[PDB]
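Here you get one chain, nothing else, as structure tokens; it is the form deposited in one PDB entry.
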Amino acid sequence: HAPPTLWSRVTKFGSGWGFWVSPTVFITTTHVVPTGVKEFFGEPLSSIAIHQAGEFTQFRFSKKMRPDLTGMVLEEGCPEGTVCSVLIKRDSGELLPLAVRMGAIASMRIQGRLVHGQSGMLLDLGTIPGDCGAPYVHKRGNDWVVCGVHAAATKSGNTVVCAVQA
């Protein structure tokens, strides 16, 4: 079960969400990033290192934005066959951890976007268009790990796709 501090890392951002990996590192899905702004979280862009590839966006800030947090491991994709939790927040405030059995990493073209992503089967509650950037996480021993951010789902909703770090 995900504890409150972990949920407190899931953050409304743009047209979806993003996730504080550490006091200084925030990840989200590229296409939810708001366009035509000069600052994220009150910091100007000249102050932020931004790595974007394949619908995976990473901000590294120059100050501690969330000093209440410890740093967590960010993996380059989820281990195939691991059951992750998708830490979905809804605009209502409802928390919706969705269990997903992760599959293979793959390049994909989704409505024209190059997605470096990982498919998963949802294990009735699905994702919605407002959920992108929600983190995919799992517990390894005693610690939670993050491995992707929500990016797409199929028409039925039974299969989801998170973007993963190169």
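Heads up: residue numbers just count along the shown sequence, starting at 1. Take the two forms, find the largest set of C-alpha atoms that superpose within 1.5 Å, and that set is the rigid core.
Keep in mind the form deposited in another entry is missing from the figure; the text below concerns it.
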property	result
Rigid-core fit between the shown form and the other one, the member of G42, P129, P34, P67 whose C-alpha shifts 2 angstroms or more	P129
Core-superposed comparison between the shown form and the other one, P23 Cα displacement 2 Å or beyond	no
Closer or farther in that other deposited form, the Cα atoms of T29 and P129, when the shift from this form is 3 Å or more	farther
Pairwise C-alpha change, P129 versus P97, in that other deposited form against this form - closer or farther, 3 angstroms or more	closer
